[PDB]
2 protein chains.
Amino acid sequence: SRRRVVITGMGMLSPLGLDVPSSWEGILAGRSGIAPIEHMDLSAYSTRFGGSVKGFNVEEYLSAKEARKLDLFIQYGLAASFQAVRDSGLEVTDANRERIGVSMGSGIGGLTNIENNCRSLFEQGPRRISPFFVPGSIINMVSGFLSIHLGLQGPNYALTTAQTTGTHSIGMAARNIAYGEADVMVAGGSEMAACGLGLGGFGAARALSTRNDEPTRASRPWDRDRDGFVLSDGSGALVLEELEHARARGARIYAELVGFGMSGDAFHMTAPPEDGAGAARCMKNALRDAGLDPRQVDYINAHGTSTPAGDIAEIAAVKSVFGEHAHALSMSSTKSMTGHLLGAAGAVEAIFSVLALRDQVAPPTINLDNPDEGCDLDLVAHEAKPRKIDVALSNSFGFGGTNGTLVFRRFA
Amino acid sequence: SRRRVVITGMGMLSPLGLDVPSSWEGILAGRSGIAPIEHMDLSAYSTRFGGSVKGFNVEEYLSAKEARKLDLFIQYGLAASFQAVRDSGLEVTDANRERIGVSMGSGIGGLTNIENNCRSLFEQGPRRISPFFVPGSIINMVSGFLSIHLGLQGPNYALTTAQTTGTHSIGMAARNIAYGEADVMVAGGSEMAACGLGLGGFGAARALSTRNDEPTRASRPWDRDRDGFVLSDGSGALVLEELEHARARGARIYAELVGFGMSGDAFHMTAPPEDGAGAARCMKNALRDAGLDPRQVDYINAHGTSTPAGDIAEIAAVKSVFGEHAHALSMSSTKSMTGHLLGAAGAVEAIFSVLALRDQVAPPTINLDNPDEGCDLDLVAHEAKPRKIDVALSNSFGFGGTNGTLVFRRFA
Ligand SMILES: COC(=O)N1CCN(c2ccc(F)cc2)CC1
């Protein structure tokens, strides 16, 4: 029957730091990781900024020889995965390697790589495509390369569900453990979509903030002056472990994963419904899955992308699910500070949610200077809010009307 | 315990036909779908042939306007998905729509969209990138578009596990139903990579047959003259359904999905281990999952890609798992006729495994003129073999060393 699942390891690259502690410090200090982009010439683009991972040294993890063959999203994926596994203290052996799997996902995967090889193809010809183009770019090779480097012979897969990838990856890996297909899973996501095709593609859709003259103030979830999301790079990985397995080896347990919801909206290709019906359905599924009174929820880490329609849908969804308790809980968007890591968003935000539970503090929504009409909940404007948090929830929504919710609680 | 899952609907686009019955006629006739690729300059490429979908009319499924927003791989996915639902006779209602979900995947995704948008970026600049570039290319849009068109509000996601995508998608969708997260799932995969980036990318790794003079003979799994796989396009979708739900509405049941195995090789980025250790573990996991002894297996639809290392590893795996039963079961590669649909291979081969059960016939491995060293199993060379089939296995092995097996059983 269904086993319990706990978090024993976390690892991260974000626009706020090259690990979990440095990233978390920036979160609690209300620091922005958003800055004009330096690694390409964007003068022709309507958005010229984002959340870059600054000063990443892949040779803390991999040989220059392997690193050259791999897209940054894979580099980032492996880095966060390696941190998470080291943080777990788990030893892989012949006795358990078949019970340890990996589900690290991406929205877009190796876009930089695909663009460069496409440029080689069109400017030169097919003879200049890297032999490493396919295994160095396709989304499933975070899971692939992690398994090859650590000897993980458990279930090995990747989700790709756009901005919901990291939440779904973590949720489905928990179900793997819950139902006994594995005892340990490394799960999360990674993204590096900051190339011509990425900023150009989101810019053509007019989805991005164009606040080029003040990048740190661009991402302003629930602010009346918000004008689209801010594109950010990075990775989140968690070690999910069956509870008896973690007890047996004396693992440090961060939190328990008690709840997971997915629901399709079936509303629109890219627009979330104004009334927040898909988020509501998803959160209700997750709270029922967790066997909770919705009044037990202390903290929500919102999707909070800084889009006009996305942000207000989330208020509606929370007011609908929590009724008067919507005024008691605290909800914030860490995207105020990190921007939108797309398929990695759920993964870093799952980690921030778990740390909200460890340290008993609601991360702020920075830049929330003029809350929009109906944005009247405790959104932890401007400053971190110490408070009791027994149950934390992390929401994600994506293109295709895809929804995910994760429910974490403090573990005794 | 656990609910039983049956197949009540199938849908397909392949190099052999625009639906299942046409495709299946081709399979049982030993027809090749492989031909020089038309409407494209492949002069500079070392491979100029593959399995294209011939004569596909997207306007049977979508408005010209909706189709123009979507990569071919998405059009192919929706085509198979729409056929499979229609085939099932399922009616979506306000009463069941939250119990019906989708997991349609892709290994490689939107190469044709990448090519066309890159063409515009490089020649004209980012202002010529399509506004639909991102939502029209992301792998989860077959799941998203299907769920929005039909009002499906169950689990909405997509897997990307390279050449294992179709097998994993179907398997994990079956788990969703077995553990009561959904009553119905549309699952499978789609792919359109037989284009410049795909031929180039796989060509660069010398993964492709270069037998340009005899395209129909290029795919020759376990033949001593094989020289790599044949790149092919298309899609498979199954309607998976809890048995009591299928019986209550009077559904036509093709077969029962009894077993799903996963494993990672944790061996190499592209090369299988020579003994097929990972494929062996995966097939053993899937048989344990089904509660079946290896001796009950009558037919295996092999991965059988026509690569030197791949075909031989699968012989090793089968001999290892099946011992003295390895020569009694019939094992064939339909890739001998279809080529390799990458992430859709496991979807179309799951359908061929099911129809092997309905029609009591092992599809041929065509082109097996000179079995290689060790290749002494019943590989159904040249001609379809009528025989007893109670239990069918479908295998998929992909980059990252990611493995999937599905076990289907006759239902009566
Ligand atoms: C070899 O190519 C790949 O593996 N691909 C194909 C392109 N894909 C994609 C996804 C989202 C998007 F907005 C733009 C492109 C996913 C990665």
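Values in this text are rule-based calculations from the coordinates and carry no lab data. When we count neighbours, we look across all protein chains shown, and the Cβ atoms used for this are built from the backbone with ideal geometry, even at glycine.
Based on alpha-carbon centroids, what's the gap between the range A:292-331 and the range B:1-68 in Å, whole number please?
Spelled out, the Cα-based centre of one part sits 45 Å from the other.
Round to a whole angstrom and tell me the spacing of the C-alpha centers of the range B:135-212 and the range A:147-179.
Using only Cα atoms, the two centres lie 16 Å from each other.
Name the helices (complete DSSP H segments) of chain A with a Cα length along the long axis of 20 Å or more and a Kyte-Doolittle mean of at least 0.0, or state none.
Numbers: long enough: A:72-88 (24 Å, 0.53); A:308-322 (22 Å, 0.91); A:345-359 (21 Å, 1.19).
Helices meeting the criterion: A:72-88, A:308-322, A:345-359.
Using label points projected 7 Å from each Cα along Cα→Cβ, tell me how many nm separate A:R86 and B:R252, to one decimal.
Distance between label points: 5.8 nm.
Cα extents of the range A:6-259 along the three principal axes, largest first, in whole Å?
57, 51, 30
How fast does the range B:1-105 diffuse by Stokes-Einstein, in µm²/s, taking the Kirkwood radius from C-alpha pairs at 20 °C and 1.002 mPa s?
Answer from the Stokes-Einstein relation: 131 µm²/s.
Would you list which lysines come within 20 Å of A:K319, measuring only between C-alpha atoms, while excluding same-chain residues fewer than 8 positions from it?
Leaving aside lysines fewer than 8 places away in the same chain, those within reach of A:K319 are A:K284.
A:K69: which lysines have alpha carbons under 27 Å from its alpha carbon, excluding same-chain residues fewer than 8 sequence positions away?
Answer for A:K69, where 27 Å is the Cα cut-off: A:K54, listed by chain and number.
Quick check: pseudo-label points 7 Å beyond the Cα along Cα→Cβ at B:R119 and B:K385, how many nm apart are they?
4.6
Taking each label point as 7 Å beyond Cα in the direction of the beta carbon, state the distances from A:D390 to the same residue in the other copies, shortest first, in nm.
Here the equivalent label points are 5.4 nm apart from this one.
For each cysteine in chain A, check whether another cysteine's C-beta sits under 4.7 Å from its C-beta; list those where none does.
That list is A:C195, A:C282, A:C375.
Taking the Cβ of B:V230 as the centre, find all other residues whose Cβ is under 12 Å away and add up their charges (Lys, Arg: +1; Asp, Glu: -1).
+3
Considering the alpha-carbon set of the range B:1-44 alone, what are its Rg and its Dmax in angstrom?
Expressed in Å, the Cα Rg and Dmax of the range B:1-44 come to 16.9, 58.
Short version: what are the Cα gyration tensor semi-axes of the range B:311-405, square root of 5 times each eigenvalue, largest first, in whole Å?
Values: eigenvalues 65, 61, 42 Å².
Over the Cα atoms of the range B:311-405, the semi-axes work out to 18, 17, 14 Å.
Under a GNM of chain A (C-alpha, springs under 10 Å), which listed residue has the highest mean-square fluctuation: A:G189, A:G323, A:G26?
Between A:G189, A:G323, A:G26, it is A:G323 that shows the largest mean-square fluctuation.
State, to one decimal in nm, how far the label point of B:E244 lies from the label point of B:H39, with both points 7 Å from Cα in the Cβ direction.
Spacing of the two 7 Å Cα→Cβ label points: 4.9 nm.
Which residues does a label at A:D275 reach in the range A:288-322, if reach means a backbone N under 17 Å from a point 7 Å past the Cα toward the Cβ?
Hits in the range A:288-322 for A:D275 at 17 Å: A:310, A:312-322.
Rounded to the nearest 0.05, what FRET efficiency do A:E25 and B:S46 give with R0 = 51 Å and r taken as the Cβ-Cβ distance? Could you check? Display every interim value, and only then the final one.
Details: r = 52 Å, r/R0 = 1.03.
Computed FRET efficiency for A:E25 and B:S46 comes out at 0.45.
Along Cα-to-Cβ, 7 Å out, sits the label point; list in nm, shortest first, how far the one on A:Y179 is from those in the other copies.
Spacings between copies for this position, smallest first, are 0.5 nm.
Averaged over peptide A:95-104, how many Cβ atoms belonging to another chain are found within 10 Å of each residue's Cβ?
For this peptide, the per-residue mean of nearby foreign Cβ atoms is 2.
Estimate the FRET efficiency between A:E59 and A:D225 by the formula 1/(1 + (r/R0)^6), using the beta-carbon distance for r and 56 Å for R0, to the nearest 0.05.
Values: r = 42 Å, r/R0 = 0.75.
Given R0 = 56 Å and the Cβ-Cβ separation, E is 0.85.
Of the DSSP beta bridges with both residues in the range B:260-412, give the percent that are antiparallel, rounding to the nearest 5.
Antiparallel bridges make up about 65 percent of those DSSP assigns within the range B:260-412.
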